[PDB]
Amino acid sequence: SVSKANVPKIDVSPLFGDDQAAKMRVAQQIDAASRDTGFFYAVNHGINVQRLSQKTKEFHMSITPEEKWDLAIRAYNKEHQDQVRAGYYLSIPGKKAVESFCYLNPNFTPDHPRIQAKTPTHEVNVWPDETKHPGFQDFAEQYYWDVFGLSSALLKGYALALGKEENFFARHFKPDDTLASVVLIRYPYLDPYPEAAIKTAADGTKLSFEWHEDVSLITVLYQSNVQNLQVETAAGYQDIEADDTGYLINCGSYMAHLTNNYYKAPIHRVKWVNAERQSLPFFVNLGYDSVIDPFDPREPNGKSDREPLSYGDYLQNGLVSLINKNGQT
């Protein structure tokens, strides 16, 4: 069978405060985990995850087939040509078991300059009716800002870990323009579970989603307490243990580009488990025009032979690529 991945628990609460030495000792732990399996659990993060999970369960269990079509992205509903990222991603029963709801920055309103310009990757969120889902929109928008705050603090820790000043990433991660997304994913219990909805890895492992690197700077994930993720390491795929009190953190491929693969984006995959569960990732993306010049923390002059890449170019190309590689979610 499969060995357990080294996924350390890191107390990130110093990243919210003003004790600089304490922040450096957290940054060393982020450096060590980023150089090893590429995952860690952030603990003492301050977010009420049990309430997050209850509000998300109340949504997923009450939304109706009618509302799903009315919120659906354009892959499922040709009438919704402006919904590429934000909205409902339907299951196809008998075939594709998972379903999800994605939303973006609540500041992308109709008056926002990037929405007015129809800039790629910016959309206005769609929401179910308030009378059918009382409090859901307000809860989900507040959640966005709670996990934005955690992610800002983690970005301070990654900056310090790389030998940079603490706002090195955080200065590009801003409420008015971040391209970050929340996805509320439901994995169902089904009996019988359709075989068509189960993928098979080359090593025979049954999967819900195949190997990939994330399209993100970092990913900040809350999951139910059901083991399912695996990370590829030099010793093969290893199981990431569950912990539904902490947030599971890893780097995405923009971090790997910026750092010349010093912090790799770890390749990971989702095992098939026949269980009713939740997966609530926040993909930490910067602004459309954000560019950070690539560097290499293993080279004495810190220079890299990678070209600067704007975050908007990275994100539009990555979201398309991920769909082409592993299919429409």
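Heads up, when I say rigid core I mean the largest set of C-alphas that superpose within 1.5 Å between the two forms. One-based numbering along the sequence shown.
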Taking RMS over all structures and residues, which stretch has CA atoms farther from the shown form in 9 other deposited structures of this protein, 298-306 or 27-35, after a rigid core fit? 298-306
Greater mean Cα temperature factor according to the PDB record, 3-11 or 320-328: 320-328
Using only C-alpha atoms and the B-factors in the entry, which stretch averages higher, 131-139 or 193-201? 193-201
Just to confirm, going by the entry's C-alpha B-factors, which of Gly38, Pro281, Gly287, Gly302 comes out highest? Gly302
Take the CA temperature factors straight from the PDB entry and tell me which of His172, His122, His257, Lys96 peaks. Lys96
Split into thirds by Cα B-factor across the chain's modelled residues, where does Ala265 land: lowest, middle or highest? lowest
Sorting the chain's modelled residues by C-alpha B-factor, tell me whether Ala75 ends up in the lowest, middle or highest third. middle
Splitting the chain's C-alpha B-factors into thirds, which one does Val291 fall into? highest
Chain thirds by Cα B factor, record data; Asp244 belongs to the highest
Third of the chain's Cα B-factor distribution that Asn228 belongs to, per the entry: middle
